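In what follows, a structure is listed as structure tokens, so that the remarks can point back to it.
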Amino acid sequence: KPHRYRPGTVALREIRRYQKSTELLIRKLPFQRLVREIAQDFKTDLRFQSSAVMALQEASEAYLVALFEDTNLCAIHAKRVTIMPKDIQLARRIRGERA
Amino acid sequence: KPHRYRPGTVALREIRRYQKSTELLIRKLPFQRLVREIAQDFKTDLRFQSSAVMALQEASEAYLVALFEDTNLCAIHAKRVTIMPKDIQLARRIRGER
Amino acid sequence: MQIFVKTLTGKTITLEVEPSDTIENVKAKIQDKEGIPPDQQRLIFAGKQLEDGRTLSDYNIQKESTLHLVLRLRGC
Amino acid sequence: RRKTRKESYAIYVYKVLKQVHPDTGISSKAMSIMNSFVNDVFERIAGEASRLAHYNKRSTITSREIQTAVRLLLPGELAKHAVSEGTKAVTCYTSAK
Amino acid sequence: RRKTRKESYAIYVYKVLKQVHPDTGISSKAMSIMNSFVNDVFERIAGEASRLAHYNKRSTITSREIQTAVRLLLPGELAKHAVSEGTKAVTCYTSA
Amino acid sequence: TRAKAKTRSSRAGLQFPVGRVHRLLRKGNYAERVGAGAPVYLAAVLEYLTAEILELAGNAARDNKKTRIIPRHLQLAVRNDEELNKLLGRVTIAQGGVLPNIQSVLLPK
Amino acid sequence: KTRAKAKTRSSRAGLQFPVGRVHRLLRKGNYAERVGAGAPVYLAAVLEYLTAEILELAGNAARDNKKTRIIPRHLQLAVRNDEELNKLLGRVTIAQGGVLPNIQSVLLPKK
Amino acid sequence: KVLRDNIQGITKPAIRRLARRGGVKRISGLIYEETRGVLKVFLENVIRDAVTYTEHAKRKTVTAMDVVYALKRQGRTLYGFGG
Amino acid sequence: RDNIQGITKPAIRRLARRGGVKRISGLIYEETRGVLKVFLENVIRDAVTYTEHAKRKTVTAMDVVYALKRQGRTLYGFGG
DNA sequence: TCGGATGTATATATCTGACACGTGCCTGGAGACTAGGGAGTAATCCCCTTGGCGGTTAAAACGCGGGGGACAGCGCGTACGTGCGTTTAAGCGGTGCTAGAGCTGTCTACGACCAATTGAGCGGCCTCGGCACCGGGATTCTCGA
DNA sequence: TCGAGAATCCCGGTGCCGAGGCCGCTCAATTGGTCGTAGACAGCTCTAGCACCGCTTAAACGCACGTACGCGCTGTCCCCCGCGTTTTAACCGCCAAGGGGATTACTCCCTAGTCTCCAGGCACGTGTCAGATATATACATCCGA
């Protein structure tokens with residue numbers, strides 16, 4: 001019979017692997033396209049240095065990681081295992097970001 | 001035979017009454033004594049101005065009220081009405097304090 | 001037992017010492033061979049400082065080891 | 001070819017590293033990180049000292065302001081060790097001439 | 001045996017209040033709060049302008065630095081209205 | 001001879017002191033030199049902000065059939081507006097109080 | 001009229017960071033009207049001490065991994081594992097740093 | 001005069017009133033100790049900073065300005081007491 | 001120009017896995033995209049304001065550092 | 001589904017302490033003039049950004065079977081809300097007293113500024129060793145049985 | 001409880017590119033002397049912070065009782081997870097073209113500094129009315145039958 005793992009082991013393996021390493025997790029070109037589209041709304045015919053895009057990517061990734069950690073804590077507090085949008089909303093409300 | 005209110009009405013009455021007012025809640029003399037005792041550990045034979053004590057009381061009360069609001073939100077999030085110490089711990093941890 | 005000790009200038013000196021010997025005799029011997037007074041020398045072995053009162057045997061040093069010497073003027 | 005000169009704390013950081021760890025290198029990214037750290041700490045301490053001097057209507061920045069700002073900024077053990085090091089350095093410098 | 005002089009912003013705030021609401025008073029603590037608010041906003045704007053002037057290797061602060069600092073600090077509608085008001089004041093002053 | 005003096009605030013048509021702001025900028029250790037247009041801009045901005053806050057507070061006070069302004073009215077005016085609350089999101093006002101809200105769950109059935 | 005040999009101000013204090021550069025930066029930084037003659041020495045000593053502490057911790061962390069060079073991962077590990085240094089850089093993110101390897105206890109497999 | 005056992009001066013009804021203003025309806029029996037500890041920590045930090053500010057000026061009396069400056073340094077500035 | 005869709009689902013899954021999440025619901029992705037859009041909007045607006053004041057046409061990497069620092073989110077290692 | 005009892009909102013007299021306003025005056029702001037450097041403007045160099053084309057391969061997209069987790073319902077017993085009688089100390093009004101905050105003279109040591117100059121630090125080259133990468137075997141886990 | 005597959009780690013050999021060191025030089029930190037004033041020390045004045053005593057009454061305490069909610073247990077149903085197959089666009093390498101950043105030289109005008117003069121803002125004193133208390137009354141609301 002084909003060999004299958006129980007649901008849950010591969011998630012832990014991925015957790016270990018992805019928090020042991022220090023590489024970026026989002027492809028560069030889609031992020032650059034998104035940054036250009038967002039910045040277009042403020043001033044027309046702009047130009048970007050590559051290091052600026054790299055810094056933006058690093059800051060965004062760090063912010064998202066921290067937010068996800070706090071969301072996981074909030075989800076665990078309510079006797080659950082899966083994160084839900086209400087957890088993100090509660091974390092952002094308590095942190096003072098959302099009004 | 002004596003008239004009694006069901007558990008919960010007086011709580012809401014007090015909530016409305018104390019949200020409609022602005023005066024301080026903690027007594028003055030015990031707070032002043034606590035401030036003096038705490039400040040003793042840093043330098044002996046210190047003297048205080050009244051306005052400093054008033055400012056300290058105001059800031060402490062505001063901080064406590066905000067913390068209680070966040071704790072109530074945390075308690076509500078988990079399908080509960082009663083607040084517990086773990087809610088305070090979670091609120092302080094999320095806020096970014098050790 | 002033979003140990004080589006290096007300086008910040010790449011200057012390497014061979015030194016014969018016994019495992020039971022403690023480092024005060026080692027600094028006295030480098031006074032004998034160099035004359036640097038025994039206060040401005042600091043000896044680092046694989047990133048750890050050495051306590052003066054403790055001996056070489058407790059550190060578990062091996063033959064042909066590589067000890068590093070740094071000089072702190074401290075003069076002022 | 002004309003190139004403008006840039007100032008950085010590279011050589012001093014390397015000297016400190018070679019003083020502490022006799023055999024250990026460093027890469028460029030770590031150098032930039034350490035430079036940014038030094039600049040940030042310097043700016044924070046200088047700003048706090050300037051504000052403290054302005055509070056007491058005085059027009060001079062002395063070592064007293066630096067010591068008070070250091071005590072106000074850093075945590076306990078770090079503040080104690082930094083104060084000891086600073087006072088030792090100042091005494092050493094004053095004694096010599 | 002008189003004390004020294006203490007500066008404040010009470011006169012101008014009272015003038016503005018009488019300009020807006022012609023039949024309204026104000027107590028002492030409200031005046032103190034307004035004074036603190038004015039000083040705090042002034043300090044924020046001045047510090048931001050000084051930093052901005054420092055960044056561009058410049059040795060003076062002009063109306064451009066103040067305008068950019070106001071744009072950076074305040075939210076949208078307040079920033080737009082304040083920019084319009086400051087521009088109007090500057091052109092009216094330079095006209096005379 | 002010499003002509004009669006006119007304040008710079010009168011020239012700019014403001015109610016805030018231009019000269020005091022200029023002196024504070026010069027003596028505040030912000031830059032080596034200070035331009036000739038910054039005080040006018042700063043005074044205009046400060047006057048606009050003060051006028052907005054005072055108008056909102058006066059409306060709030062007139063709601064409560066009172067003739068004078070107390071810190072409660074200032075707190076109510078500030079906390080009921082979006083941009084003003086955002087500007088003062090980390091400031092506590094003495095003798096202010098709080099906003100009368102109650103979560104919908106705790107209400108009786 | 002024979003000028004004596006020049007000796008740097010940092011040499012007299014027995015330091016490594018430049019005293020004169022700090023003095024010039026304080027003078028030209030728009031901090032106060034005048035600057036005393038003792039502040040740069042204090043500031044240089046404090047900066048040198050902090051740099052030495054950070055470098056020692058980072059070098060140890062690098063050595064545990066059998067490497068002879070310091071990369072941003074080692075600096076991040078050294079900073080985040082010390083409570084006081086973590087308190088100091090509370091709101092600072094380091095490029096190419098990563099995160100500390102922790103896992104919540106409840107998520108672990110049962111039995 | 002040396003003072004001792006003053007943290008218990010913050011009585012249970014005071015905490016109850018603070019919670020009522022905060023919008024709470026039901027309170028467990030273990031909140032009071034946590035509240036006392038949090039208040040003690042906050043007061044310790046603020047008073048330490050204020051005492052340092054006072055000590056710098058070669059004075060012996062803590063003024064309201066020192067408390068205001070200490071509060072501002074921690075990003076919780078206060079209005080209504082000068083400065 | 002729906003380039004917001006370029007942040008694909010496995011990327012969010014990888015970010016959450018690094019954050020320490022074990023199970024993910026099916027509606028997190030929209031919230032994540034909205035939060036990212038808001039954050040990028042704010043930071044880019046501040047950087048563009050700095051560049052406009054500088055009287056230039058290409059944003060550098062240094063005013064991005066200024067914009068990040070203004071929000072109390074200091075970044076190290078980019079020539080700060 | 002009604003009806004009694006309690007708490008809260010509403011109308012009126014009254015008396016007090018803080019708000020609004022008038023005066024003197026003195027210190028800070030305004031008018032007039034110089035002199036010098038910071039900044040605006042034009043011209044040149046070339047580096048770094050943008051755009052396009054081919055391939056190749058890893059990552060993204062789609063479908064399917066199923067086991068484990070979220071959620072609703074039910075029973076119970078204990079902690080917490082409410083009311084009452086008792087005890088405790090906070091609050092208010094005076095009276096004493098002096099330590100220390102605040103202001104004024106003075107006089108000296110300390111820092112800014114300038115001219116000569118020389119050794120520290122930065123830019124360009126290069127050279128080789130530490131680290132990255134590929135192939136292989138030993139080890140350590142997980143999931144039926 | 002025990003054993004067959006997968007995933008990971010330790011080892012050895014090979015190549016490359018960037019980090020550590022060497023020269024040359026130019027601009028900034030020293031050195032020496034002078035001059036002006038910022039602040040440190042001494043003296044005096046007066047206010048407010050600490051201490052004490054008495055009295056009143058409002059608030060904190062302890063206790064009894066009932067009931068509502070926090071928590072554990074059980075069952076269902078469905079929706080993420082792991083795995084296989086197909087598709088696509090990211091990435092790397094290369095090649096052109098040009099706009100805008102980065103210096104450099106020159107010149108006009110904008111601001112700092114000084115002197116003289118005078119009026120606006122601050123401290124002090126005073127009258128009076130806006131509102132806080134007290135009293136009484138009318139209405140909204142909650143829990144039981």
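Ideal geometry is used to build each Cβ from the backbone, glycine not excepted, and the neighbour counts take in all protein chains shown. Every number in this text was worked out from the coordinates using simple rules, so none of it is lab data.
Overview of results
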item	result
Over chain I, relative contact order from alpha-carbon pairs under 8 Å, at least 6 apart, %	19 percent
Shape metrics for the protein assembly as shown, restricted to C-alpha atoms - Rg then Dmax, Å	31.0, 112
Computed over the stretch C:2-71: relative contact order in percent, which uses C-alpha pairs under 8 Å that are six or more apart	47 percent
Rounded tilt (10° steps) of D:76-95 against the dominant C-alpha axis of chain D	90 degrees
Sites E:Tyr14 and H:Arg59 - FRET efficiency at Förster radius 41 Å, r taken between beta-carbons, to 0.05	0.75
Percentage, to the nearest whole number, of Cα pairs in chain F over 15 Å apart	75 percent
Point-charge dipole on Cβ atoms (K/R +1, D/E -1) for the stretch D:4-96, about Cα centre, debye to 20	220 debye
Rg followed by Dmax, in Å, when the stretch E:4-96 is reduced to its Cα trace	16.1, 50
Cα-based convex hull, the stretch A:3-99, per residue volume (Å³, whole number)	159 Å³
Local electrostatic count, E:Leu78, Cβ distance below 11 Å [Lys/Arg +1, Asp/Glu -1]	-3
In order through the stretch G:66-73: 3J(HN,Hα) via Karplus (6.51 cos²θ - 1.76 cosθ + 1.60), integer Hz, x for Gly, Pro	6, 9, 10, 9, 9, 10, x, 4
Rounded to 5, percent antiparallel among DSSP beta bridges of the protein assembly as shown	30 percent
Excluding exposed DSSP-loop trypsin sites (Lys or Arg not before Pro) (at most 15 other C-beta within 10 Å), longest clean stretch of chain I	I:2-54
Computed E for C:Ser65/G:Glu33 - FRET, C-beta separation, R0 45 angstrom, nearest 0.05	0.20
Local electrostatic count at C:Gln40 - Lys and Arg +1, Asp and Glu -1, tallied over other residues with Cβ under 10 Å	+2
Modelled label reach - D:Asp40, point 7 Å along Cα→Cβ, the stretch G:23-47 residues with backbone N closer than 17 Å	G:47
Rounded tilt (10° steps) of A:50-77 against the dominant C-alpha axis of chain A	30 degrees
Debye, to nearest 20: dipole size of the stretch A:3-99, +1 on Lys, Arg Cβ, -1 on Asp, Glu Cβ	500 debye
Disulfide-incompatible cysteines by the Cβ rule (no partner under 4.7 Å) in the protein assembly as shown	A:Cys74, B:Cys74, E:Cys92
Sequence of I:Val21, G:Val92, I:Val64 once ranked by neighbouring C-beta atoms within 10 Å, starting from the fewest	G:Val92, I:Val21, I:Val64
Reach of H:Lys60 by Cα under 26 Å, taken over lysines that are not fewer than 8 positions away in the same chain	B:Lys28, B:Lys43, D:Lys57, D:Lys80, E:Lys3, E:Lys6, H:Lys1, H:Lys40, H:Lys72
Electrostatic dipole magnitude of the protein assembly as shown [Cβ: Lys, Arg +1; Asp, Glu -1; Cα centre; debye, to 20]	1620 debye
GluC sites (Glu not before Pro) within the stretch C:14-76, DSSP loop, no more than 14 other Cβ atoms inside 10 Å	C:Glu34, C:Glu51, C:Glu64
Helix A:9-20 vs. chain A, principal-axis angle (Cα, 0 to 90°, nearest 10)	40 degrees
Taking chain E and dividing mean pair separation by its residue count, relative contact order in percent (alpha carbons under 8 Å, at least six apart)	16 percent
Amide H within-cut-off set for F:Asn29, under 5 Å, with H built and near neighbours excluded	none
Set of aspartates and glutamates with alpha-carbon distance to G:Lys87 below 20 Å, sequence-local pairs under 8 removed	A:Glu69, A:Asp70, B:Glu97, D:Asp40, D:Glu43, D:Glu48, D:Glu77, G:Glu48, G:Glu53, G:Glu56, H:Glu44, H:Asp49
Theoretical ellipticity at 222 nm over chain B - DSSP helices of four or more residues, -39500 (n - 2.57) apiece, nearest 500	-21000 deg cm²/dmol
Contour minus Cα-Cα distance for A:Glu23 and A:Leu46 (0.36 nm per residue)	5.4 nm
Rounded Å value of the spacing that divides the Cα centres of the stretch E:15-29 and the stretch D:22-83	46 Å
Overall Cα dimensions of chain I, principal axis frame, Å, largest first	47, 31, 16
Efficiency of FRET between F:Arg79 and I:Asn42 - r from beta-carbon atoms, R0 30 angstrom, step 0.05	0.85
Chain H: calculated mean residue ellipticity at 222 nm from DSSP helix runs of at least 4, using -39500 (n - 2.57)	-18500 deg cm²/dmol
Share, in percent, of DSSP beta bridges within the stretch C:2-71 that are antiparallel, nearest 5	75 percent
Selected from I:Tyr76, I:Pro10, I:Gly34, residue furthest toward positive end of dipole (chain I; charges at beta carbon)	I:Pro10
